[PDB]
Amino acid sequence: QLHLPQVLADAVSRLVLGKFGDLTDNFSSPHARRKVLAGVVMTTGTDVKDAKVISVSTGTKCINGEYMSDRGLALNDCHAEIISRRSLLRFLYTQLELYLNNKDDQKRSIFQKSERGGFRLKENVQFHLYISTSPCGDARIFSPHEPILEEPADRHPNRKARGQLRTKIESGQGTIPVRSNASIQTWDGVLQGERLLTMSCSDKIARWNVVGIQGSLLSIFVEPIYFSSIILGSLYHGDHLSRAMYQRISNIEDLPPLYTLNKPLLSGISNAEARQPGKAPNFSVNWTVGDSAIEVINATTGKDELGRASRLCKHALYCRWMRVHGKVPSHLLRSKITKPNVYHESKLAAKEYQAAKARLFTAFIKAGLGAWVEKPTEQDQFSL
C-alpha cells in the first residue's frame, strides 16, 4: 500500500494480472491463454489507492511480410510490450480530448498547459511498464532463462555482440544484429521474400528511453513522456537489462532541449511468474482504460479475426490525432511547421523529435552498435 521499489513492482504486477482476470471472466475466457502479458499502470501518489491500470495486452509475434498495410490498418509488432505502449497512446489522446471538452472537465484530465507551449503531464503523474518476461534483443538474447544464485552476472561483457542493435527476423528464430552489409528494406524487396526485420523490443524500449513513449505525432501537442519504471515478471537479468535500456548509448549527445536519455527504475517481482505451458497463441489482446472489453488481434495479420483494423493501428491513431488537431488552437501547437495531411509528412512536422531520433541513430552507429533499421518508406505514405 506504500511505494518502495520492490513493493511498487509487486503492486503493478498484481494490478495488471487482476485487470486481465476481470477482463477474461476470471481467467476463464479463451482469450486468457498467453505466453507474455504486459501492462501499463499510472500512479498519482504513494498510494495504491491512486494507482490505475492504463492498459493490458498479450502477444509474442510480429506481422507476416505479406500483410503490411499501405494504409496503416495493420499492427506490425504484437509483442505484448509494444502493444501496451500503443494502448497508452489511446489513453493519452483520450485525456487530451477530456481536457479540452469544457473548462470544468479540464481539471480531471491528466494534462495541463505548458509554459513552453503545448501540453504536459501534471506533476506526480507517472507511467510504469510491466512485462511478464524480458524484452527480446539485448536484454534477453544472452540469457533467455530465469537467473540462478550461482554466477548471476555476465561473464563476457566486452564481446562485440554486447549492446548490438538486433532485429526480430521474420520466420527465423533469434534476434539478429544489424550486419554492416545492408541496412535498407524495400517494400518490393519484402513482398518478394526478403525477411521483414523489426527492431527488437529491447531496442524499441531504448528508443522510447530517448525520444519518449508518446511517438512523433503526439509530440506536436505534448512534451515528451517517459516510463518511470520497467518491471519484469520473469527472466530479470539486471546487468543485461540496464545495458539494453540505456547504458549502451550513454555516448548520445546534442539532444533537443526537452529530450534526454531516460533511465527508468528496473526491477523484477518477488514471486517470479511461471512459464506457461502449451503453444504460444497467435493472437494478441489489448485493453485501454475506458474500454468495455478486450480487443483481440491476430498477430501475424495485424488485424482482428474478422479483418477489421485495431483501435491501435497507424490509421486509427492518425484519426485520433486529427480529432485532437481540429480542437487545438494554432497558437497552442508545440510545432507550427506545416506539413500535408499524410502520415509520413505529419510525422516530419515533429522537427525536434526527428532531430532526437537522429542523435539516437548516431549514438548507436558511433558506439559500433549498428545502424537502426527502418521500415520501407512506403509504409507511412497514406492519408485519412
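In this text, residue numbers run from 1 along the sequence as written. By rigid core we mean the largest C-alpha set that fits within 1.5 Å across both forms.
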- After core superposition, the stretch with larger RMS C-alpha deviation in 4 other deposited structures of this protein, comparing 318-326 and 338-346, is 338-346
- Name the stretch that deviates more in 4 other deposited structures of this protein: 164-172, or 123-131? Use RMS CA distance to the shown form, core superposed. 164-172
- Task: Using only the Cα atoms and their B-factors as the entry lists them, report which of 182-190 and 212-220 averages higher.
- Result: 182-190
- Once you work out the mean C-alpha B-factor for both 373-381 and 4-12 from the entry, which is higher? 4-12
- Item | Which of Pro152, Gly172, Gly137, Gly302 ranks first by CA B-factor in the deposited coordinates | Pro152
- Taking the values straight from the PDB record, which of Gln354, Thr46, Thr60, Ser55 has the highest C-alpha temperature factor? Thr46
- Lowest, middle or highest third: where is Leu23 by Cα B-factor in its chain? highest
- Message: Which third, lowest, middle or highest, does the C-alpha temperature factor of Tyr246 belong to within its own chain?
- Response: lowest
- Query: Where does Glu295 sit by CA temperature factor within its chain: lowest, middle or highest third?
  - Reply: middle
- Item | Third of chain Cα B-factors occupied by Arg162 | lowest
- Could you say whether, by C-alpha temperature factor, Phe127 belongs to the lowest, middle or highest third of its chain? middle
